[PDB]
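Coordinate-derived values only; no laboratory data. With ideal geometry, Cβ positions are generated from the backbone for all residues, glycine too; neighbour counts draw on all protein chains shown.
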Amino acid sequence: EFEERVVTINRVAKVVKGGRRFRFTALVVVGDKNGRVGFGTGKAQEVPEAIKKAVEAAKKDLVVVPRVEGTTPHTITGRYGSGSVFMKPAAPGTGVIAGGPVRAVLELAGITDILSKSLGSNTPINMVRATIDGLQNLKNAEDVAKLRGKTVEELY
Amino acid sequence: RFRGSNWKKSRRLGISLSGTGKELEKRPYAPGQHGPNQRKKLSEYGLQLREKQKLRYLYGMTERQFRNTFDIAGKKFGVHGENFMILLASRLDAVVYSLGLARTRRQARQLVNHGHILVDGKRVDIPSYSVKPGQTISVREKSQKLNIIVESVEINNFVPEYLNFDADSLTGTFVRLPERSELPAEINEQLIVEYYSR
Amino acid sequence: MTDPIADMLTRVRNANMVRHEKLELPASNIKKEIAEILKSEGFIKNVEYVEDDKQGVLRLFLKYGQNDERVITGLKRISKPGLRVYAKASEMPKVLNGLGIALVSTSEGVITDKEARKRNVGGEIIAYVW
RNA sequence: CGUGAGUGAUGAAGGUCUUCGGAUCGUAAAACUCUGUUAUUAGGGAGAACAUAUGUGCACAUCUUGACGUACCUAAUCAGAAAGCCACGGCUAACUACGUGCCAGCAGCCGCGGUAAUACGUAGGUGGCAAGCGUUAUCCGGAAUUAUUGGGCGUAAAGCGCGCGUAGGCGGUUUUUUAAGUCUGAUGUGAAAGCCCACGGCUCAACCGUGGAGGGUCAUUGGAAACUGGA
């Protein structure tokens with residue numbers, strides 16, 4: 001019903017009074033299995049109760065990503081923090097591979113025609129923030145038609 | 001042309017389509033160095049480069065030697081996105097992968113001498129043959145019955161479209177028009193239709 | 001007046017944000033069909049006829065939904081004084097293949113973009129007030 | 001064409017890491033068959049195309065050539081060898097044992113050297129790519145970075161302390177003008193180591209006709225004034 005992508009569970013070796021406190025920050029993408037990105041981080045002792053903790057406290061950070069005719073409406077970027085991304089269009093009837101950054105952004109948008117792009121670095125805390133920067137800065141067909149305030153077939 | 005192991009094509013790439021079982025006795029996890037770790041997510045330009053490297057082990061002609069292949073899958077008019085799977089099946093490996101001579105593409109490129117080659121007249125010992133409506137990729141007079149040409153004559157029953165093959169003949173001369181969706185679909189189309197353009 | 005549609009662009013846009021049914025755009029000699037060029041579709045809804053005296057003021061008569069839904073998501077300026085955006089036989093744009101009407105005026109006065117490619121001309125639509 | 005496996009014995013005689021646990025450099029492999037695509041002599045043979053009794057209005061007759069003369073190739077089917085160098089903890093697809101131990105190496109980014117540097121040097125190697133590989137000076141991916149799409153008028157990349165003055169850069173004046181103007185008009189031409197809509201073959205290379213098509217034309221007002229700075 002909901003494509004939840006739990007990337008990893010960052011641990012911490014707290015060097016406080018206690019011998020060695022264990023704090024697992026379960027990282028899970030809050031995707032709605034449609035086209036939204038979704039990102040939430042927990043801090044509970046139980047990963048299962050921590051993964052849903054960030055899914056019930058952070059589920060409004062997603063963005064609606066529409067599709068034209070099976071191809072990305074506009075090749076957007078991502079200038080938020082170090083890690084960056086890029087939207088590359090492909091044919092509707094295609095697929096994705098492995099080797100690079102995060103995979104829970106274009107995989108949520110069941111279309112198999114978008115290539116997930118994010119160089120920046122490996123840090124998965126400032127690389128997903130740039131993906132939502134471009135997703136919210138995406139240009140739609142009518143979205144840009146209102147900008148001019150004329151016809152949809154008069155701005156292409 | 002690669003002069004290396006033909007078992008790393010289903011490990012470094014994400015679209016091999018050259019053998020049925022390969023990860024049965026191997027380890028289908030991630031890469032090599034961090035094979036016991038998690039996998040990654042192909043980058044925008046990386047996915048188009050991964051497919052190129054994936055087809056680099058599949059297609060005999062590598063970078064610069066497959067000029068025509070890439071030139072026929074770009075400037076050529078028509079579905080540019082699916083032009084990499086449409087105008088790219090004009091090699092000599094397709095005839096061996098439709099009649100029943102070689103199950104692989106690398107072995108199909110070396111099957112232009114041991115197997116059927118005489119395409120109704122002038123033959124060709126290259127990885128691509130000019131098989132058009134009128135060419136019958138068959139064998140020679142002395143090499144009429146070969147061992148690699150008549151190997152899986154009964155083992156390979158099901159044949160592909162736009163191809164012909166019979167007993168003691170294996171001469172392909174059916175339809176010249178092929179399908180642009182009659183090949184594996186794991187790589188992007190518009191991605192390679194734009195990246196190549198540059 | 002330094003800019004012809006100076007207040008015009010700062011009226012409808014502001015009236016489409018604060019939900020202003022009736023608008024008060026300073027009417028001029030060319031500020032009539034330029035502020036009502038989308039009267040064919042429904043972007044700027046429609047109006048009866050510019051009624052005033054020697055460039056006084058013209059309304060836009062904007063309409064919204066039940067919970068005040070604006071069809072236009074902010075209007076920006078494109079074809080202004082100085083530069084000229086004349087679309088000849090170079091390349092006509094397309095998005096949804098026919099929907100509303102834009103700025104394509106030649107020798108037929110105010111026409112739609114449906115036959116824009118047929119005429120192969122791209123000018124600015126204008127009209128006098130009363 | 002590119003240099004041998006149709007076949008194929010843990011494919012070893014014992015080593016590659018070996019706490020030996022197995023796999024294997026190892027469906028490497030024997031020793032042949034196989035694979036033809038190496039010789040053995042060979043005789044070989046387009047820019048530029050019409051002629052020379054005296055019988056012939058930009059048409060042409062007895063009689064006018066060689067500085068040569070072994071692509072793709074299924075064929076004789078002798079056996080003529082794709083190695084390599086680089087990162088290897090990596091960044092960035094990549095390693096095991098020894099030897100080193102701020103001695104030396106490594107050494108773009110990282111850094112690794114004062115002890116357990118598989119980062120060092122040898123051996124077994126591994127990722128890459130392609131008859132090779134590391135190097136030096138030369139455009140652009142890198143990224144807009146005198147901002148032009150690609151700069152502020154405050155910390156950032158930004159307070160002329162200069163309070164008094166026209167650099168013509170530029171700062172409502174109603175109406176109002178004789179036509180600065182937006183889209184029509186001579187079109188024949190419309191050619192082009194030009195992206196020619198096709199057009200020719202040299203397998204891996206240089207084998208070139210299409211001026212109307214063909215855009216890369218060479219109808220865009222003479223013109224419809226209530227209007228940047230100046231009323």
Exercise for review: Could you list all residues from the range B:170-187 that are buried (at least 17 other Cβ atoms within 10 Å of the Cβ) and of a type in the set (G, A, S)?
Suggested key: B:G172
Check your understanding: Regarding C:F43, is this residue under 22 Å from C:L23 (Cα atoms), within 14 Å of another protein chain (Cβ to nearest Cβ) and part of a loop (DSSP other than H, G, I, E, B)?
Key -> yes
Check your understanding: In this structure, is B:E63 charged (D, E, K, R) and more than 10 Å from RNA strand D (Cβ to nearest atom)?
Key -> no
Point to revise | Failed criterion for A:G120 (all others in (1) within 9 Å of chain B (Cβ to nearest Cβ); (2) surrounded by fewer than 22 Cβ atoms within 10 Å (Cβ to Cβ) hold) | key: (1)
Exercise for review: Could you check, for the range C:79-101, whether at least one of its residues is within 13 Å of the chain's Cα centre (by Cα) and of a type in the set (S, T, Y)?
Suggested key: yes
Revision key, fill the gap. Here the residues within the range A:72-113 that are within 13 Å of chain B (Cβ to nearest Cβ), touching an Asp or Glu at 6+ places or on another chain (Cβ under 6 Å) and among the hydroxyl-bearing types (S, T, Y) are A:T94
Revision key, fill the gap. By residue number, the members of the range B:56-71 that are part of a loop (DSSP other than H, G, I, E, B) and of a type in the set (A, V, I, L, M) are B:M61
Practice item. Might you check whether a residue that is within 9 Å of RNA strand D (Cβ to nearest atom) and under 17 Å from the mean Cα position of the chain (by Cα) occurs anywhere in the range C:60-78? Key: no
Study note, to complete from the structure: Pairing a residue in the range B:91-119 that is within 23 Å of B:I72 (Cα to Cα) with any residue that is more than 12 Å from RNA strand D (Cβ to nearest atom) and of a type in the set (F, W, Y), where Cβ atoms lie under 8 Å and the two sit 6 or more apart in sequence or on different chains, gives B:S98/B:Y162; B:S98/B:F165; B:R105/B:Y97; B:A108/B:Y97
Point to revise | Matching residues in the range B:17-51 - criterion: being touching a residue at least 12 places away in the same chain (Cβ under 8 Å), in a loop (DSSP other than H, G, I, E, B) and within 13 Å of RNA strand D (Cβ to nearest atom) | key: B:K26, B:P31, B:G32, B:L42
**Study point:** Residue in the range B:70-82 that is touching a residue at least 40 places away in the same chain (Cβ under 8 Å) and within 12 Å of the chain's Cα centre (by Cα) present
**Key:** no
Check your understanding: In this structure, is C:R70 in contact (Cβ under 8 Å) with a residue 12 or more places away in the chain and either of a type in the set (K, R) or over 27 Å from C:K118 (Cα atoms) (or both)?
Key -> yes
Check your understanding: Scanning for something at the interface with another protein chain (Cβ under 8 Å from one of its Cβ atoms), within 30 Å of C:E115 (Cβ to Cβ) and basic (K, R), does the range A:135-148 turn up at least one residue?
Key -> yes
Check your understanding: Got a number for residues in the range C:10-31 being within 14 Å of another protein chain (Cβ to nearest Cβ), within 16 Å of RNA strand D (Cβ to nearest atom) and not hydroxyl-bearing (S, T, Y)?
Key -> 1
Practice item. Go through the range B:72-92 residue by residue and tally those that are closer than 26 Å to B:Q107 by Cβ, of a type outside the set (V, I, T) and either within 10 Å of RNA strand D (Cβ to nearest atom) or assigned to a helix (DSSP H, G or I) (or both). Key: 3
**Study point:** Within the range B:132-176, considering residues that are polar (S, T, N, Q) and more than 20 Å from the chain's Cα centre (by Cα), the one farthest from RNA strand D (Cβ to nearest atom)
**Key:** B:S169
Review point. What is the residue count in the range C:86-130 for residues that are among the hydroxyl-bearing types (S, T, Y), near RNA strand D (Cβ under 8 Å from one of its atoms) and within 23 Å of A:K146 (Cβ to Cβ)?
Key: 1
Exercise for review: Report whether or not C:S79 is buried (at least 16 other Cβ atoms within 10 Å of the Cβ), among the hydroxyl-bearing types (S, T, Y), within 14 Å of another protein chain (Cβ to nearest Cβ) and assigned to a loop (DSSP other than H, G, I, E, B).
Suggested key: yes
Check your understanding: Condition test on B:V124, is it assigned to a loop (DSSP other than H, G, I, E, B), more than 12 Å from RNA strand D (Cβ to nearest atom) and not hydroxyl-bearing (S, T, Y)?
Key -> no
